[PDB]
Each structure stands twice: as structure tokens, then as C-alpha cells.
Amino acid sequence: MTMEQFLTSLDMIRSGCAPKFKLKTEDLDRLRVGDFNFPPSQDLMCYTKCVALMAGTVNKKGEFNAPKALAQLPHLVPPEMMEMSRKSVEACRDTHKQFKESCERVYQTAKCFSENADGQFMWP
């Protein structure tokens, strides 16, 4: 995918997940720019799970599949974002083990991605 297709993909992914939850627009805006520096609601955490499930990077128990994530990357991010994404997958591959609940596992892995992103991070 191109950068242009990626940016638009963010909205398309959000549209298939956001209606399932009660979410604040201001929280979604902050995740969109990689700002995870605020307390999430349960809804917001499960929203992040719905997104990762769509991407095929976690199972229904929210366990992060780092081999599959790396295999999926070309269908998720453009070339310009591959190396940053690969690095973040490696840094955050074990975050899910600290947590037991599925939504929480995904949210904390996403939060780790944002903090280990050596550049601009964007979430659907």
C-alpha cells in the first residue's frame, strides 16, 4: 500500500469497529495520533482489540502473534513505515503476557507500540 491508501485505511478500519462501542471522539482523535497518555475506558480498550482482530495480529483472547504480525505488515503499513513497525513488533511482542484480560492485552500492546515507535505512530 501507499502512504495515501494507509491514511484512508485508518478511517475504514475504525468504521467497522467504532459502532460496536460507546466511545468519545476526543479519545479516538488522541489514539489516531499515537497519544495513549490518558486513562482508557473498557470500551476504548476493547475497541483496540477489535482493530487488531481485523488486522489479524491477535487471537480472540488478545494474545499478540508476533510471527503473524510480521507476516501481515505489508497489508497493514506502507514501505515508509515497515522498519518502525518491525522494531515495535519486536519491542512489544511480550507485553500481552503481563495481562490476563483480552481487551487489556491488546490495548497495552498498542500503548507499547506508541511508546516504542521511534517515529509518528497512528492508530485507526
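Counting begins at 1, following the sequence as shown.
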For this session: Return whichever of 61-69 and 35-43 has the greater mean Cα B factor according to the PDB record.
Result: 61-69
Exercise. According to the deposited model, is the average Cα temperature factor higher in 113-121 or in 3-11?
Worked result: 113-121
Problem set entry | Peak C-alpha temperature factor (PDB record), options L28, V51, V77, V89 | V89
Exercise. In terms of the chain's CA B-factor thirds, is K100 lowest, middle or highest?
Worked result: highest
